[PDB]
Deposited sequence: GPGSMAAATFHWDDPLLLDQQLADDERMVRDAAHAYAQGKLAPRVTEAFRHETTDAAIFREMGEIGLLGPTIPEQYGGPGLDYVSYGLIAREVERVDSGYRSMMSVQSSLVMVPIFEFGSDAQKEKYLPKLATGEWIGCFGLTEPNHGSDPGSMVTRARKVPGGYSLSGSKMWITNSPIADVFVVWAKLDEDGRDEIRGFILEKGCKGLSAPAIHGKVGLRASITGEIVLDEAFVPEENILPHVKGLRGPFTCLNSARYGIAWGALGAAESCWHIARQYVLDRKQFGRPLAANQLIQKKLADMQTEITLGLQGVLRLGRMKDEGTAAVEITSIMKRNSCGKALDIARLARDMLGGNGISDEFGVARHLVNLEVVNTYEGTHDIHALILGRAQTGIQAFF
C-alpha cells in the first residue's frame, strides 16, 4: 500500500462518491471564486454579499434541507465537507455560510409552518434572500420581548454581533413571549424593510473581517401571526440552531488547519538554511508530524459524528467534543505554523490565525464545551 501524507487514513475512500462530488464542487467553487477575493476582502473588511447566490446556484446552502423545500437533500457528512472547503479559504466566509444554513434554514425547516417553510426556504436555498440570526444581546435571561397585539406581535429590543444583519432580508429573531402561566422564548421571522427594524454594521473587527456583522435593532416592530414559529418553545429553538452550526464549524476549523499545515510544509521545503532545506531540521519535522496527526484524527472524529447524525444515533454532547477539539487544535496548528514562517503569500497563515483566535473565543473564554463534557461525565455543573 502507498502512503498518502496528505490523507493518511484515506478519508477520500471513506466517503460515498455522492459525498465526494459535493466536496469537489465546494472545493472548485471556493478555490475558483473565494480564494482570489480573500486577501483584500479580509484586509479591508470589505462587505461582500456575492457568496450567497454563488453558493446557492450550485446547491451549497442549507445542504441538509430536503428537495421538497428547495434544498439539495444532502447528508450531514456532505454539510461537513462543504464547510471544510469554505474555511480552507477563510473562516469569515464559512461563518456567513453557517448562518444561512444552520441558523436560518434549519429553524424554519424544523419549527416553521408549511406556509413559512414553502415561502422562505426556496429563496434562502438559492441565496436570493440572505438570512441572519437574532439571539445574542449586549447583556434564558434575554431582554428582547414580543408583546401581543391586534393581528400578531410587537417586538422590541436589540441583538448584537449578528453576522449578516447589515445585508439580511430574513431575520430569525428570538424573543420572550408571556403566554399565560410563564414567559417562554419564541422565534420570529421578520423581513427587511419592516418598520422599527434597523441593522447597522459593526466596523473594526480584529478577526473574521471577511464577514459582515451588525446589530438587529427592534423598536416596536410588528410581526403578523403568520410569522411566529409555531412548533417550538424555549431553549430547544435557539439551541438546535447552535448545535447544527457547531457541527459545521467542527468540520470547517479542520479546513483552516489543513491550509496552515500545507503552507508550513511547502514553506520549509522551499526555504534553505545553514546548508540544507528547513524541512531537514528535526524540530520542524516534529511540528509537521504533530499537525498531520491532529488533523488526521480530528477528521475521523467529525466523519464519525456525521455518520452518527445521519443514523440518528448522535447525542448533542458529541458535538461539544468535536467543535472544541477542531477549534482548539486548529488554533494550536495555526500558531505552530505561524512560528515556522519568516518574512512579514505565505501570510494567509496570519489571516487564518486571527480568524481562529476569534472563532475560539466566539462562545466565550470559559471553555463552555469543556463544562458541557465535564457535567456529562460527572452530573455536576461547574460554578
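Which ranges of the deposited chain go unmodelled, in order along the sequence? Unmodelled stretches, in sequence order: 1 to 7, 147 to 151, 357 to 359, 399.
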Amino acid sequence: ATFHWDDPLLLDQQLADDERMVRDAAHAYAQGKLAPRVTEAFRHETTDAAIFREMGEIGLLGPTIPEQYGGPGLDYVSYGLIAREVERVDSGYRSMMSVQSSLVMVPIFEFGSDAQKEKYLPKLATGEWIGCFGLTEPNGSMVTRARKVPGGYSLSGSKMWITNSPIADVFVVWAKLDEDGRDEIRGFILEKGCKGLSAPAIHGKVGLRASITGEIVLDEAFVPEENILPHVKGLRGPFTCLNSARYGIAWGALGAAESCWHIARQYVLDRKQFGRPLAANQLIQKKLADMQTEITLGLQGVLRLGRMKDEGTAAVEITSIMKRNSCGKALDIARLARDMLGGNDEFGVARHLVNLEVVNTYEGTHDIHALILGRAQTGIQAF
From here on, numbers count along this sequence of modelled residues.
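If you superpose the two forms and keep the largest set of C-alpha atoms that fall within 1.5 Å, you have the rigid core.
Please pick 146 to 154 or 250 to 258, whichever has its Cα atoms farther from the shown form in 5 other deposited structures of this protein after a rigid core fit. Checking 146 to 154 against 250 to 258 in 5 other deposited structures of this protein, I find the farther stretch is 146 to 154.
May I ask which stretch, 48 to 56 or 31 to 39, sits farther from the shown form in 5 other deposited structures of this protein once every structure is superposed on the core, judging by RMS CA distance? If we average over structures and residues in 5 other deposited structures of this protein, the farther stretch is 48 to 56.
As a check of understanding, is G140 unmodelled in at least a third of the other compared entries that model its flanking residues? Across the other compared entries, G140 is absent from at least a third.
Hey, does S320 show up as a hole in at least a third of the other compared models? No.
Please compare 79 to 87 with 184 to 192 and name the stretch with the higher mean C-alpha B-factor in the deposited structure. Higher mean C-alpha B-factor in the PDB entry: 184 to 192.
Tell me which stretch, 119 to 127 or 260 to 268, has the higher mean Cα B-factor listed in the entry. Higher mean C-alpha B-factor in the PDB entry: 119 to 127.
Using the temperature factors in the entry, find which of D345, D339, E317, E357 has the highest value at its Cα atom. The listed residue with the largest C-alpha B-factor is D345.
Pick out which of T293, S158, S101, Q300 has the highest C-alpha B-factor in the PDB entry. Comparing C-alpha B-factors across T293, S158, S101, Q300, the maximum falls on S158.
Lowest, middle or highest third: where is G248 by C-alpha B factor in its chain? Lowest third - that is where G248 ends up once the chain's C-alpha B-factors are sorted.
Tell me, lowest, middle or highest third: where does the Cα B factor of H27 rank within its chain? It falls in the middle third of the chain.
Once the chain's modelled residues are ordered by C-alpha B factor and cut into thirds, is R37 in the lowest, middle or highest one? Its C-alpha B-factor, which the entry lists for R37, ranks in the middle third among residues of this chain.
Among the modelled residues of this chain, does the Cα B factor of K233 put it in the lowest, middle or highest third? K233: CA B-factor falls in the highest third of its chain.
Relative C-alpha B-factor of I51, binned into the chain's lowest, middle or highest third: Its C-alpha B-factor, which the entry lists for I51, ranks in the highest third among residues of this chain.
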